[PDB]
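**Student:** Dumping the structure here so I can ask a few things about it.
2 protein chains.
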Amino acid sequence: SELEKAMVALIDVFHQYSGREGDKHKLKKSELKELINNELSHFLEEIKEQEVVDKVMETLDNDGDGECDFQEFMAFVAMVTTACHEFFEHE
Amino acid sequence: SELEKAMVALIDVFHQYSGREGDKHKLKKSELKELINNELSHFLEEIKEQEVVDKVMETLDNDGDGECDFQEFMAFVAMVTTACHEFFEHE
């Protein structure tokens, strides 16, 4: 159930937010901002993501005029956590 | 920690598999097959995914000659669960 609880969480947390129907039945990336603020991994401001989060906030706001998909939900939270190569900094 | 445990699981389960270093430090999609067989949501063979899983097995095998990224880890598990539009079948 390790990955099971992972996939469910990504979708169910999206369900919780107030754009699940009203927006595009999905949310603009500007709303994803507030989401990653908390439910990413609490904070994370001290490792490396501190750079990427800021760069994300730029791209998030600019690009996400259309919508943010669950594919990008993963993208943003994974890229702030990585953004270098891949698993080089973690495995 | 709802989404926190989600992101950690996606990466750490990948870490567990025997291609985390030996393959491309990532795994061919062919290995992702075995991964989704179990750690997707146990099984799921009766809702709608039963179609997509097969279509996935085709594409997975054909396209994943290079590698499978964590981005695609999400992609495949999310698409088998969806593949229609977006959250239409779930929210």
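Line by line, the protein sequences give chains B and A.
Note that the deposited numbering gives residue 89 to position 89 of the first sequence, counting from 1, and the numbers run on in steps of one.
Note that the deposited numbering gives residue 58 to position 58 of the second sequence, counting from 1, and the numbers run on in steps of one.
We put the CB at the ideal spot given by N, CA and C, even for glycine.
If the criterion is Cβ atoms closer than 8 angstroms, does the pair residue 69 of chain B and residue 86 of chain A meet it?
**Tutor:** The residue labelled residue 69 of chain B in the question sits at position 69 within the first sequence. The residue labelled residue 86 of chain A in the question sits at position 86 within the second sequence. In this structure, residue 86 of chain A lies closer than 8 angstroms to residue 69 of chain B by Cβ.
**Student:** How many Å lie between residue 13 of chain A and residue 23 of chain B at the Cα?
**Tutor:** Mapped onto the second sequence, residue 13 of chain A falls at position 13. Mapped onto the first sequence, residue 23 of chain B falls at position 23. Taking the straight line joining both Cα atoms gives about 33 angstroms.
**Student:** Applying the 10 Å Cβ sphere with the 16-neighbour rule, what's the burial state of residue 59 of chain B?
**Tutor:** For this step, residue 59 of chain B is matched to residue 59 along the first sequence. Exposed, because fewer than 16 other Cβ atoms sit within 10 Å of the Cβ of residue 59 of chain B.
**Student:** Just reading off the alpha helix (DSSP H) that residue 47 of chain B is part of, what are its end residues?
**Tutor:** Taking the first residue of the first sequence as position 1, residue 47 of chain B is located at position 47. Residue 47 of chain B -> no alpha helix (DSSP H), and no H or E assigned at all.
**Student:** Around the C-beta of residue 43 of chain B, are 16 or more other C-beta atoms found within 10 angstroms, so that it is buried, or is it exposed?
**Tutor:** As a first step, residue 43 of chain B must be located in the first sequence, where it is residue number 43. Classification of residue 43 of chain B: exposed, given that the 10 Å Cβ count is below 16.
**Student:** For a quick check, are the C-beta atoms of residue 9 of chain A and residue 3 of chain B less than 8 angstroms apart?
**Tutor:** Counting from 1 along the second sequence, the entry for residue 9 of chain A is found at position 9. Counting from 1 along the first sequence, the entry for residue 3 of chain B is found at position 3. Yes.
**Student:** Whose CA, out of B:1, B:11, B:6 and B:76, lies closest to the CA of residue 88 of chain A?
**Tutor:** If you number the second sequence from 1, residue 88 of chain A lands on position 88. Of the candidates B:1, B:11, B:6 and B:76, the one whose C-alpha sits nearest the C-alpha of residue 88 of chain A is B:11.
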